[PDB]
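What follows is a set of notes on a single structure, which appears directly below.
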Amino acid sequence: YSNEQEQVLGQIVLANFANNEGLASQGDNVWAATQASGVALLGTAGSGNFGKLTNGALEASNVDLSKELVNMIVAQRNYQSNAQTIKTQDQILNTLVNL
Amino acid sequence: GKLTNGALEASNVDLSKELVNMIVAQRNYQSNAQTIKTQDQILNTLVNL
Amino acid sequence: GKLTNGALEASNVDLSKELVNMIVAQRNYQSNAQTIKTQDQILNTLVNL
Amino acid sequence: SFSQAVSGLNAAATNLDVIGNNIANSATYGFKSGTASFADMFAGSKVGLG
Amino acid sequence: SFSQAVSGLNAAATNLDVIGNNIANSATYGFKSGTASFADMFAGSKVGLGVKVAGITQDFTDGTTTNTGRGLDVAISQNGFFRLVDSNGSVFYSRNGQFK
Amino acid sequence: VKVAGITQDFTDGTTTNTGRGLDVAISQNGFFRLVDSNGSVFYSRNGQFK
Amino acid sequence: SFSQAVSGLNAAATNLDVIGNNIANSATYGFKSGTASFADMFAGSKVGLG
Amino acid sequence: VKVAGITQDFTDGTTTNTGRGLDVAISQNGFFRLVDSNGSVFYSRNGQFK
Amino acid sequence: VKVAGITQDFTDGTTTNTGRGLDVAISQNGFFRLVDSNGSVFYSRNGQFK
Amino acid sequence: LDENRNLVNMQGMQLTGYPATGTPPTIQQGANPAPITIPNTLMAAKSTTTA
């Protein structure tokens, strides 16, 4: 303020959940607490089970491309393996039906 | 704010920070394109099965 | 709009956008070959029966 | 029948899809990576269901 | 299927393009760098559906006040915008003070 | 299925630089009304003239 | 796309050209220095065009 | 690595005489207090007034 | 192969002289003990003290 | 920020937090959070009570 003072227009409120992985994503990068996901269990940013709030910083993408670039390949090879099964299933059924 | 006479304002764009980001952007685009392979292979896989 | 004396208008088309559309068109069209083929094979079973 | 296989096939696709999203979400600022978890089935007989 | 890839692929392309614009505008005086901000999408299931671009946000942190010596060249130091008009009557806002 | 119509993305592209005199650009919505030799009338956006 | 890169590149070409002319005329008498002034370009979208 | 911050070394410089009257230097800790036209309060160490 | 673990090296580095008063450096084994906000006892070796 | 002068993200979601009351204003510790805002108002001249 211009009168060598300052108000307090609010305080940022966090939300710590005892249970996790129940937070259902809702399209945009937001989560919603559901049944058995736990109550909101509010709490300030200072103490307890909460973390510091660095100013001017942003979270990373939490993904390392080297890890999924090979999981993709192994999942693919699994996919053609399945398809060979289902190929065999189609093949088997095929011989019996034409017989 | 104040108005300084006889001067202008730069572009505030630093090249040392943008060239490094462009490498990551390119490799990320390549990795995104890599999924179309598996995906196209799966489709072919679903079709040729 | 405004004018400019000495200039030309581009084609407002992007290849990087367009090729991947062409891939899904290649894959999507094929995914329709399978329905017509399985729609005709079944009929071939009936006539032979 | 197809049950022993097609379900797994679907599972496989999901296992791929959850990867692809992570590939696409590699530039967002608030993302968290995701994987899949599976589980077998058993009927009255001791043969798996998929 | 393709939705998880192509949409995200589009995002990546867009990112590079804005980066290029920065490189293409590192010399223009009244310019502000812009960066993309993304956002995922979800259906009713637990699987994702790719990424949509959410916004092209500029960074209005002021730059360096390089001088030229001409009288009709003024520069802002903090929050503010020159108000420009056109022949038709529409209004605009800018920060390039290279007047004439 | 169908084909509702064939549309055209009318988002104007880039304005290049050629230095020639008889070249004109349209920065926003706006068209050039041209006439054929017989007297017909068409509308175009090309800035190539001589 | 190539549009923004080409525009920036042939803008920097003129930017080098004006400096070259200024250097080459650093000894003439009735000479006034030269400088280039650029201006970026946007279409109807939110992403720039160079 | 995270940039913890840019610290400043607040030792005093070398006292240099200039012969003017509107100029004062501080030998140890302390700051001049200035008021802006907008009423803001700032602090400084260069003693050279007008 | 696993990763049996990450091992830190605990050799003492050099000892830069910056000139400030509110800063120290340990010469051998020993760690500064710090407590933030709520609780917890962390250990450090950096000597830059606000 | 916003025309309604609210702490809002890239999708129209107001950030919620502890409100503040009193003079001088101070926050609460157990109140249900309300959307945070940045009013462009003016401070009132509060007379001296203690010294």
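Residue numbering restarts at 1 for every chain of the structure tokens, chains are lettered A, B, ... in their displayed order, and ligands are numbered from 1 as they appear.
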
Residue hits in chain J, query chain A, radius 6 Å, only C-alpha atoms, as a CSV table (one decimal) with N, CA, C and O atoms, in the first residue's frame:
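Output (part03.csv):
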```
chain,number,residue,atom,x,y,z
J,17,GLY,N,-8.6,-20.1,-0.1
J,17,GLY,CA,-7.6,-20.0,1.0
J,17,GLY,C,-8.3,-19.3,2.2
J,17,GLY,O,-9.5,-18.9,2.2
J,18,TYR,N,-7.6,-19.2,3.3
J,18,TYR,CA,-8.1,-18.6,4.5
J,18,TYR,C,-8.4,-17.1,4.3
J,18,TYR,O,-7.6,-16.4,3.7
J,19,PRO,N,-9.6,-16.7,4.7
J,19,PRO,CA,-9.9,-15.2,4.6
J,19,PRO,C,-9.3,-14.5,5.8
J,19,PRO,O,-8.8,-15.1,6.8
J,20,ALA,N,-9.4,-13.2,5.7
J,20,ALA,CA,-8.8,-12.3,6.8
J,20,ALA,C,-9.9,-11.3,7.2
J,20,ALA,O,-10.6,-10.7,6.4
J,36,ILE,N,-9.8,-16.2,-2.8
J,36,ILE,CA,-8.9,-15.1,-2.6
J,36,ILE,C,-9.1,-14.1,-3.7
J,36,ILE,O,-9.2,-14.4,-4.8
```

Output the contact residues of chain A with respect to chain B at a cut-off of 7 Å, based on only C-alpha atoms, as a PDB file with N, CA and C atoms, in the first residue's frame.
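Result file is result_28.pdb:
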```pdb
ATOM      1  N   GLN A  76       4.400 -53.186 -26.762  1.00  0.00           N
ATOM      2  CA  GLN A  76       4.073 -53.564 -28.129  1.00  0.00           C
ATOM      3  C   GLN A  76       4.303 -55.053 -28.338  1.00  0.00           C
ATOM      4  N   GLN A  80       1.588 -57.835 -29.945  1.00  0.00           N
ATOM      5  CA  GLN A  80       1.633 -58.868 -30.993  1.00  0.00           C
ATOM      6  C   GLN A  80       1.619 -60.287 -30.426  1.00  0.00           C
ATOM      7  N   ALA A  83      -1.993 -60.870 -29.884  1.00  0.00           N
ATOM      8  CA  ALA A  83      -2.620 -61.001 -31.196  1.00  0.00           C
ATOM      9  C   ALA A  83      -2.362 -62.372 -31.807  1.00  0.00           C
ATOM     10  N   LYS A  87      -4.837 -64.811 -32.604  1.00  0.00           N
ATOM     11  CA  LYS A  87      -4.774 -65.221 -34.025  1.00  0.00           C
ATOM     12  C   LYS A  87      -5.004 -66.685 -33.895  1.00  0.00           C
TER      13      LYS A  87
END
```

Please, which residues of chain F lie no more than 10 Å from chain C when the count uses only C-alpha atoms, and can they be set out as a PDB file with N, CA, C and O atoms, in the first residue's frame?
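Just written: iface12.pdb:
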```
ATOM      1  N   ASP F   9     -10.392 -23.058 -43.870  1.00  0.00           N
ATOM      2  CA  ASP F   9      -9.886 -22.264 -42.755  1.00  0.00           C
ATOM      3  C   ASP F   9      -9.456 -20.901 -43.278  1.00  0.00           C
ATOM      4  O   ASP F   9      -8.422 -20.779 -43.941  1.00  0.00           O
ATOM      5  N   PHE F  10     -10.241 -19.873 -42.975  1.00  0.00           N
ATOM      6  CA  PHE F  10     -10.012 -18.538 -43.507  1.00  0.00           C
ATOM      7  C   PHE F  10      -9.054 -17.715 -42.658  1.00  0.00           C
ATOM      8  O   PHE F  10      -8.960 -16.500 -42.855  1.00  0.00           O
ATOM      9  N   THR F  11      -8.351 -18.343 -41.719  1.00  0.00           N
ATOM     10  CA  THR F  11      -7.338 -17.647 -40.933  1.00  0.00           C
ATOM     11  C   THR F  11      -6.214 -17.202 -41.860  1.00  0.00           C
ATOM     12  O   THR F  11      -5.503 -18.036 -42.429  1.00  0.00           O
ATOM     13  N   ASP F  12      -6.057 -15.889 -42.017  1.00  0.00           N
ATOM     14  CA  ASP F  12      -5.076 -15.356 -42.952  1.00  0.00           C
ATOM     15  C   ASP F  12      -3.665 -15.776 -42.558  1.00  0.00           C
ATOM     16  O   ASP F  12      -3.326 -15.842 -41.374  1.00  0.00           O
ATOM     17  N   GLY F  13      -2.845 -16.067 -43.565  1.00  0.00           N
ATOM     18  CA  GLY F  13      -1.484 -16.519 -43.352  1.00  0.00           C
ATOM     19  C   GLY F  13      -0.511 -15.379 -43.151  1.00  0.00           C
ATOM     20  O   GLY F  13      -0.875 -14.288 -42.695  1.00  0.00           O
ATOM     21  N   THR F  14       0.747 -15.627 -43.498  1.00  0.00           N
ATOM     22  CA  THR F  14       1.807 -14.646 -43.332  1.00  0.00           C
ATOM     23  C   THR F  14       1.858 -13.707 -44.529  1.00  0.00           C
ATOM     24  O   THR F  14       1.499 -14.067 -45.652  1.00  0.00           O
ATOM     25  N   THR F  15       2.321 -12.489 -44.273  1.00  0.00           N
ATOM     26  CA  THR F  15       2.535 -11.493 -45.315  1.00  0.00           C
ATOM     27  C   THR F  15       4.025 -11.457 -45.629  1.00  0.00           C
ATOM     28  O   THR F  15       4.819 -10.931 -44.843  1.00  0.00           O
ATOM     29  N   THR F  16       4.400 -12.016 -46.773  1.00  0.00           N
ATOM     30  CA  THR F  16       5.795 -12.072 -47.176  1.00  0.00           C
ATOM     31  C   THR F  16       6.262 -10.709 -47.677  1.00  0.00           C
ATOM     32  O   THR F  16       5.489  -9.756 -47.786  1.00  0.00           O
ATOM     33  N   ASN F  17       7.555 -10.621 -47.977  1.00  0.00           N
ATOM     34  CA  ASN F  17       8.164  -9.402 -48.495  1.00  0.00           C
ATOM     35  C   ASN F  17       8.774  -9.705 -49.854  1.00  0.00           C
ATOM     36  O   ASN F  17       9.610 -10.607 -49.975  1.00  0.00           O
ATOM     37  N   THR F  18       8.359  -8.952 -50.873  1.00  0.00           N
ATOM     38  CA  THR F  18       8.879  -9.132 -52.220  1.00  0.00           C
ATOM     39  C   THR F  18       9.507  -7.879 -52.808  1.00  0.00           C
ATOM     40  O   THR F  18      10.274  -7.993 -53.769  1.00  0.00           O
ATOM     41  N   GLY F  19       9.209  -6.695 -52.273  1.00  0.00           N
ATOM     42  CA  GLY F  19       9.787  -5.462 -52.759  1.00  0.00           C
ATOM     43  C   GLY F  19       9.199  -4.926 -54.042  1.00  0.00           C
ATOM     44  O   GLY F  19       9.503  -3.784 -54.409  1.00  0.00           O
ATOM     45  N   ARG F  20       8.370  -5.698 -54.740  1.00  0.00           N
ATOM     46  CA  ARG F  20       7.774  -5.219 -55.976  1.00  0.00           C
ATOM     47  C   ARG F  20       6.722  -4.152 -55.686  1.00  0.00           C
ATOM     48  O   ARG F  20       6.147  -4.084 -54.597  1.00  0.00           O
ATOM     49  N   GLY F  21       6.473  -3.313 -56.686  1.00  0.00           N
ATOM     50  CA  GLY F  21       5.503  -2.245 -56.551  1.00  0.00           C
ATOM     51  C   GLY F  21       4.068  -2.727 -56.576  1.00  0.00           C
ATOM     52  O   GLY F  21       3.289  -2.431 -55.666  1.00  0.00           O
ATOM     53  N   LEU F  22       3.707  -3.476 -57.614  1.00  0.00           N
ATOM     54  CA  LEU F  22       2.328  -3.924 -57.806  1.00  0.00           C
ATOM     55  C   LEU F  22       2.072  -5.244 -57.077  1.00  0.00           C
ATOM     56  O   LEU F  22       1.608  -6.232 -57.645  1.00  0.00           O
ATOM     57  N   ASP F  23       2.384  -5.240 -55.784  1.00  0.00           N
ATOM     58  CA  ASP F  23       2.006  -6.328 -54.891  1.00  0.00           C
ATOM     59  C   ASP F  23       1.301  -5.722 -53.690  1.00  0.00           C
ATOM     60  O   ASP F  23       1.744  -4.700 -53.158  1.00  0.00           O
ATOM     61  N   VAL F  24       0.198  -6.341 -53.275  1.00  0.00           N
ATOM     62  CA  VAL F  24      -0.637  -5.814 -52.207  1.00  0.00           C
ATOM     63  C   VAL F  24      -0.987  -6.939 -51.245  1.00  0.00           C
ATOM     64  O   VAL F  24      -1.103  -8.106 -51.625  1.00  0.00           O
ATOM     65  N   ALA F  25      -1.149  -6.568 -49.979  1.00  0.00           N
ATOM     66  CA  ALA F  25      -1.460  -7.528 -48.930  1.00  0.00           C
ATOM     67  C   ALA F  25      -2.741  -7.117 -48.221  1.00  0.00           C
ATOM     68  O   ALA F  25      -3.081  -5.936 -48.141  1.00  0.00           O
ATOM     69  N   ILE F  26      -3.452  -8.115 -47.702  1.00  0.00           N
ATOM     70  CA  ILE F  26      -4.680  -7.908 -46.942  1.00  0.00           C
ATOM     71  C   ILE F  26      -4.444  -8.486 -45.553  1.00  0.00           C
ATOM     72  O   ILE F  26      -4.295  -9.705 -45.398  1.00  0.00           O
ATOM     73  N   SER F  27      -4.411  -7.617 -44.542  1.00  0.00           N
ATOM     74  CA  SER F  27      -4.042  -8.043 -43.198  1.00  0.00           C
ATOM     75  C   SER F  27      -5.181  -8.713 -42.440  1.00  0.00           C
ATOM     76  O   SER F  27      -4.921  -9.409 -41.453  1.00  0.00           O
ATOM     77  N   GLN F  28      -6.421  -8.533 -42.875  1.00  0.00           N
ATOM     78  CA  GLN F  28      -7.587  -9.049 -42.161  1.00  0.00           C
ATOM     79  C   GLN F  28      -8.653  -9.396 -43.194  1.00  0.00           C
ATOM     80  O   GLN F  28      -8.345  -9.587 -44.375  1.00  0.00           O
ATOM     81  N   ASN F  29      -9.900  -9.519 -42.744  1.00  0.00           N
ATOM     82  CA  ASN F  29     -11.007  -9.762 -43.660  1.00  0.00           C
ATOM     83  C   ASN F  29     -11.039  -8.696 -44.746  1.00  0.00           C
ATOM     84  O   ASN F  29     -10.924  -7.501 -44.466  1.00  0.00           O
ATOM     85  N   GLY F  30     -11.183  -9.140 -45.990  1.00  0.00           N
ATOM     86  CA  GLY F  30     -11.150  -8.246 -47.129  1.00  0.00           C
ATOM     87  C   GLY F  30     -10.823  -8.986 -48.407  1.00  0.00           C
ATOM     88  O   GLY F  30      -9.971  -9.880 -48.411  1.00  0.00           O
ATOM     89  N   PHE F  31     -11.490  -8.628 -49.500  1.00  0.00           N
ATOM     90  CA  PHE F  31     -11.373  -9.368 -50.745  1.00  0.00           C
ATOM     91  C   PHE F  31     -11.145  -8.399 -51.893  1.00  0.00           C
ATOM     92  O   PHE F  31     -11.435  -7.205 -51.793  1.00  0.00           O
ATOM     93  N   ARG F  45      -8.110 -13.324 -53.437  1.00  0.00           N
ATOM     94  CA  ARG F  45      -7.213 -12.776 -52.432  1.00  0.00           C
ATOM     95  C   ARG F  45      -5.774 -12.623 -52.903  1.00  0.00           C
ATOM     96  O   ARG F  45      -4.965 -12.050 -52.163  1.00  0.00           O
ATOM     97  N   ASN F  46      -5.429 -13.119 -54.089  1.00  0.00           N
ATOM     98  CA  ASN F  46      -4.050 -13.053 -54.552  1.00  0.00           C
ATOM     99  C   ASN F  46      -3.610 -11.608 -54.746  1.00  0.00           C
ATOM    100  O   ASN F  46      -4.371 -10.771 -55.239  1.00  0.00           O
ATOM    101  N   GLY F  47      -2.375 -11.316 -54.348  1.00  0.00           N
ATOM    102  CA  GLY F  47      -1.836  -9.976 -54.462  1.00  0.00           C
ATOM    103  C   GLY F  47      -0.894  -9.794 -55.635  1.00  0.00           C
ATOM    104  O   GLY F  47      -0.124  -8.829 -55.676  1.00  0.00           O
ATOM    105  N   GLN F  48      -0.945 -10.711 -56.597  1.00  0.00           N
ATOM    106  CA  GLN F  48      -0.085 -10.661 -57.775  1.00  0.00           C
ATOM    107  C   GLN F  48      -0.796  -9.866 -58.863  1.00  0.00           C
ATOM    108  O   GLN F  48      -1.838 -10.292 -59.370  1.00  0.00           O
TER     109      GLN F  48
END
```

Atom pair atom CA of residue A:22 / atom CA of residue A:40: separation (Å):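 Separation between atom CA of residue A:22 and atom CA of residue A:40: 12.2 Å.
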
Can you list, as a ChimeraX atom specification, every residue of chain E that DSSP puts in alpha helix (DSSP H)? /E:3-24

Put those residues in a file: N, CA, C and O atoms, as a PDB file, in the first residue's frame.
```
ATOM      1  N   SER E   3      -5.595 -40.660 -30.581  1.00  0.00           N
ATOM      2  CA  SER E   3      -5.919 -39.443 -29.843  1.00  0.00           C
ATOM      3  C   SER E   3      -4.853 -39.126 -28.802  1.00  0.00           C
ATOM      4  O   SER E   3      -4.467 -37.966 -28.625  1.00  0.00           O
ATOM      5  N   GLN E   4      -4.368 -40.152 -28.101  1.00  0.00           N
ATOM      6  CA  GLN E   4      -3.326 -39.939 -27.104  1.00  0.00           C
ATOM      7  C   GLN E   4      -2.052 -39.375 -27.711  1.00  0.00           C
ATOM      8  O   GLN E   4      -1.297 -38.691 -27.011  1.00  0.00           O
ATOM      9  N   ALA E   5      -1.790 -39.639 -28.990  1.00  0.00           N
ATOM     10  CA  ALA E   5      -0.564 -39.174 -29.628  1.00  0.00           C
ATOM     11  C   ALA E   5      -0.755 -37.852 -30.362  1.00  0.00           C
ATOM     12  O   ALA E   5      -0.167 -36.836 -29.974  1.00  0.00           O
ATOM     13  N   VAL E   6      -1.620 -37.833 -31.383  1.00  0.00           N
ATOM     14  CA  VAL E   6      -1.645 -36.708 -32.313  1.00  0.00           C
ATOM     15  C   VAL E   6      -1.904 -35.400 -31.583  1.00  0.00           C
ATOM     16  O   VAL E   6      -1.173 -34.421 -31.782  1.00  0.00           O
ATOM     17  N   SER E   7      -2.898 -35.372 -30.692  1.00  0.00           N
ATOM     18  CA  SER E   7      -3.167 -34.159 -29.930  1.00  0.00           C
ATOM     19  C   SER E   7      -1.914 -33.698 -29.205  1.00  0.00           C
ATOM     20  O   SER E   7      -1.446 -32.569 -29.407  1.00  0.00           O
ATOM     21  N   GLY E   8      -1.308 -34.590 -28.417  1.00  0.00           N
ATOM     22  CA  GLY E   8      -0.059 -34.245 -27.771  1.00  0.00           C
ATOM     23  C   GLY E   8       0.991 -33.835 -28.776  1.00  0.00           C
ATOM     24  O   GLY E   8       1.687 -32.832 -28.583  1.00  0.00           O
ATOM     25  N   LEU E   9       1.081 -34.572 -29.885  1.00  0.00           N
ATOM     26  CA  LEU E   9       2.006 -34.210 -30.949  1.00  0.00           C
ATOM     27  C   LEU E   9       1.786 -32.766 -31.371  1.00  0.00           C
ATOM     28  O   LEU E   9       2.730 -31.966 -31.411  1.00  0.00           O
ATOM     29  N   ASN E  10       0.523 -32.400 -31.624  1.00  0.00           N
ATOM     30  CA  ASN E  10       0.212 -31.019 -31.976  1.00  0.00           C
ATOM     31  C   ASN E  10       0.802 -30.058 -30.960  1.00  0.00           C
ATOM     32  O   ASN E  10       1.517 -29.116 -31.329  1.00  0.00           O
ATOM     33  N   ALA E  11       0.566 -30.321 -29.671  1.00  0.00           N
ATOM     34  CA  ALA E  11       1.099 -29.451 -28.633  1.00  0.00           C
ATOM     35  C   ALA E  11       2.590 -29.243 -28.830  1.00  0.00           C
ATOM     36  O   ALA E  11       3.061 -28.102 -28.928  1.00  0.00           O
ATOM     37  N   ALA E  12       3.335 -30.342 -28.987  1.00  0.00           N
ATOM     38  CA  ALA E  12       4.775 -30.226 -29.159  1.00  0.00           C
ATOM     39  C   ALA E  12       5.102 -29.296 -30.313  1.00  0.00           C
ATOM     40  O   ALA E  12       5.862 -28.334 -30.146  1.00  0.00           O
ATOM     41  N   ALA E  13       4.469 -29.516 -31.469  1.00  0.00           N
ATOM     42  CA  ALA E  13       4.727 -28.658 -32.618  1.00  0.00           C
ATOM     43  C   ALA E  13       4.493 -27.203 -32.255  1.00  0.00           C
ATOM     44  O   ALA E  13       5.380 -26.356 -32.428  1.00  0.00           O
ATOM     45  N   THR E  14       3.330 -26.913 -31.662  1.00  0.00           N
ATOM     46  CA  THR E  14       3.020 -25.537 -31.299  1.00  0.00           C
ATOM     47  C   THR E  14       4.123 -24.961 -30.430  1.00  0.00           C
ATOM     48  O   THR E  14       4.603 -23.848 -30.679  1.00  0.00           O
ATOM     49  N   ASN E  15       4.594 -25.746 -29.455  1.00  0.00           N
ATOM     50  CA  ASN E  15       5.660 -25.269 -28.586  1.00  0.00           C
ATOM     51  C   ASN E  15       6.855 -24.815 -29.406  1.00  0.00           C
ATOM     52  O   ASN E  15       7.271 -23.651 -29.311  1.00  0.00           O
ATOM     53  N   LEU E  16       7.359 -25.683 -30.292  1.00  0.00           N
ATOM     54  CA  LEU E  16       8.510 -25.293 -31.097  1.00  0.00           C
ATOM     55  C   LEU E  16       8.239 -23.982 -31.811  1.00  0.00           C
ATOM     56  O   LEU E  16       9.073 -23.065 -31.783  1.00  0.00           O
ATOM     57  N   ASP E  17       7.039 -23.845 -32.384  1.00  0.00           N
ATOM     58  CA  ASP E  17       6.760 -22.656 -33.172  1.00  0.00           C
ATOM     59  C   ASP E  17       6.890 -21.405 -32.315  1.00  0.00           C
ATOM     60  O   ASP E  17       7.568 -20.446 -32.711  1.00  0.00           O
ATOM     61  N   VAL E  18       6.310 -21.412 -31.108  1.00  0.00           N
ATOM     62  CA  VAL E  18       6.399 -20.194 -30.308  1.00  0.00           C
ATOM     63  C   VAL E  18       7.854 -19.920 -29.980  1.00  0.00           C
ATOM     64  O   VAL E  18       8.305 -18.768 -30.036  1.00  0.00           O
ATOM     65  N   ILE E  19       8.625 -20.977 -29.712  1.00  0.00           N
ATOM     66  CA  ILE E  19      10.048 -20.814 -29.455  1.00  0.00           C
ATOM     67  C   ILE E  19      10.708 -20.129 -30.639  1.00  0.00           C
ATOM     68  O   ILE E  19      11.442 -19.146 -30.479  1.00  0.00           O
ATOM     69  N   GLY E  20      10.401 -20.599 -31.851  1.00  0.00           N
ATOM     70  CA  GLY E  20      10.940 -19.959 -33.033  1.00  0.00           C
ATOM     71  C   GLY E  20      10.604 -18.487 -33.080  1.00  0.00           C
ATOM     72  O   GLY E  20      11.470 -17.658 -33.374  1.00  0.00           O
ATOM     73  N   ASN E  21       9.362 -18.137 -32.735  1.00  0.00           N
ATOM     74  CA  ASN E  21       8.981 -16.732 -32.744  1.00  0.00           C
ATOM     75  C   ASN E  21       9.875 -15.927 -31.815  1.00  0.00           C
ATOM     76  O   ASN E  21      10.320 -14.830 -32.171  1.00  0.00           O
ATOM     77  N   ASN E  22      10.177 -16.474 -30.633  1.00  0.00           N
ATOM     78  CA  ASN E  22      11.102 -15.797 -29.733  1.00  0.00           C
ATOM     79  C   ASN E  22      12.431 -15.545 -30.427  1.00  0.00           C
ATOM     80  O   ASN E  22      12.942 -14.418 -30.432  1.00  0.00           O
ATOM     81  N   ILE E  23      12.979 -16.578 -31.069  1.00  0.00           N
ATOM     82  CA  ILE E  23      14.231 -16.412 -31.796  1.00  0.00           C
ATOM     83  C   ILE E  23      14.045 -15.410 -32.925  1.00  0.00           C
ATOM     84  O   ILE E  23      14.945 -14.622 -33.238  1.00  0.00           O
ATOM     85  N   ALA E  24      12.862 -15.411 -33.540  1.00  0.00           N
ATOM     86  CA  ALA E  24      12.586 -14.473 -34.616  1.00  0.00           C
ATOM     87  C   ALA E  24      12.297 -13.068 -34.113  1.00  0.00           C
ATOM     88  O   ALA E  24      12.218 -12.144 -34.930  1.00  0.00           O
TER      89      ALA E  24
END
```

What does the structure give for the distance between atom CA of residue D:17 and atom CA of residue A:90, in Å to one decimal?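 For atom CA of residue D:17 relative to atom CA of residue A:90, the distance reads 24.8 Å.
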
Please list as a PyMOL selection string every residue within 12 Å of residue G:21, counting only C-alpha atoms and excluding residues in the same chain fewer than 6 positions away. chain G and resi 14-15+27-28+31-36

Residue A:51 environment, 12 Å, only C-alpha atoms, sequence neighbours closer than 2 positions dropped, as a JSON list (two decimals) with N, CA and C atoms, in the first residue's frame:
```
[["chain", "number", "residue", "atom", "x", "y", "z"],
["A", 13, "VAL", "N", -4.24, -22.08, 1.25],
["A", 13, "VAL", "CA", -4.63, -23.26, 2.01],
["A", 13, "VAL", "C", -4.26, -24.50, 1.21],
["A", 14, "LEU", "N", -3.57, -25.43, 1.86],
["A", 14, "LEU", "CA", -3.18, -26.68, 1.24],
["A", 14, "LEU", "C", -4.25, -27.74, 1.51],
["A", 15, "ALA", "N", -3.98, -28.98, 1.11],
["A", 15, "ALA", "CA", -4.91, -30.08, 1.37],
["A", 15, "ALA", "C", -4.11, -31.37, 1.34],
["A", 16, "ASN", "N", -3.96, -32.00, 2.50],
["A", 16, "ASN", "CA", -3.19, -33.23, 2.64],
["A", 16, "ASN", "C", -4.16, -34.38, 2.89],
["A", 43, "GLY", "N", -5.12, -27.75, 6.27],
["A", 43, "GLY", "CA", -3.94, -27.41, 7.03],
["A", 43, "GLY", "C", -3.10, -26.38, 6.30],
["A", 44, "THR", "N", -2.47, -25.48, 7.06],
["A", 44, "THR", "CA", -1.70, -24.39, 6.46],
["A", 44, "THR", "C", -0.40, -24.95, 5.87],
["A", 45, "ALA", "N", 0.40, -24.07, 5.28],
["A", 45, "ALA", "CA", 1.64, -24.46, 4.64],
["A", 45, "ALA", "C", 2.82, -24.56, 5.60],
["A", 46, "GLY", "N", 2.64, -24.16, 6.86],
["A", 46, "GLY", "CA", 3.74, -24.10, 7.79],
["A", 46, "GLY", "C", 4.23, -25.43, 8.33],
["A", 47, "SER", "N", 3.38, -26.13, 9.07],
["A", 47, "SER", "CA", 3.84, -27.27, 9.85],
["A", 47, "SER", "C", 3.00, -28.52, 9.64],
["A", 48, "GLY", "N", 3.26, -29.55, 10.44],
["A", 48, "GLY", "CA", 2.49, -30.80, 10.40],
["A", 48, "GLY", "C", 3.03, -31.76, 9.35],
["A", 49, "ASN", "N", 2.24, -31.99, 8.30],
["A", 49, "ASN", "CA", 2.60, -32.88, 7.21],
["A", 49, "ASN", "C", 2.54, -32.15, 5.88],
["A", 53, "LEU", "N", 6.47, -23.59, 0.22],
["A", 53, "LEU", "CA", 5.96, -23.04, -1.03],
["A", 53, "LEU", "C", 7.02, -22.13, -1.62],
["A", 54, "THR", "N", 7.80, -22.67, -2.55],
["A", 54, "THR", "CA", 8.79, -21.86, -3.25],
["A", 54, "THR", "C", 8.10, -20.90, -4.20],
["I", 36, "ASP", "N", 14.23, -26.44, 11.58],
["I", 36, "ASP", "CA", 13.32, -25.52, 10.91],
["I", 36, "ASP", "C", 11.93, -25.57, 11.53],
["I", 37, "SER", "N", 11.20, -24.46, 11.36],
["I", 37, "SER", "CA", 9.78, -24.31, 11.64],
["I", 37, "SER", "C", 9.27, -25.20, 12.76],
["I", 38, "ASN", "N", 8.49, -26.22, 12.39],
["I", 38, "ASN", "CA", 7.85, -27.10, 13.35],
["I", 38, "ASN", "C", 8.85, -27.85, 14.21]]
```

Between atom CA of residue D:48 and atom CA of residue D:3 - distance in Å to one decimal: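 Between atom CA of residue D:3 and atom CA of residue D:48 the gap is 9.8 Å.
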
Residues near residue E:55, cut-off 7 Å, only C-alpha atoms, skip fewer than 2 positions along chain, as an NGL selection string: :E and (36-38 or 53 or 57)

Go through chain B and flag each residue having an atom no more than 8 Å from chain C; for those, report the closest pair of atoms plus their distance in Å to one decimal, using only C-alpha atoms, ordered by chain and rising number, as CSV.
```
residue,atom,partner,partner_atom,distance
B:40,CA,C:27,CA,7.3
B:43,CA,C:27,CA,7.1
B:44,CA,C:27,CA,7.8
B:47,CA,C:34,CA,7.0
```

Take the residues that were just selected and, keeping C-alpha atoms, output them as a PDB file, in the first residue's frame.
```pdb
ATOM      1  CA  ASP B  40       0.187 -47.636 -36.369  1.00  0.00           C
ATOM      2  CA  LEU B  43      -3.579 -50.927 -35.951  1.00  0.00           C
ATOM      3  CA  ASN B  44      -1.825 -52.917 -38.709  1.00  0.00           C
ATOM      4  CA  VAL B  47      -6.040 -55.395 -39.074  1.00  0.00           C
TER       5      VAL B  47
END
```
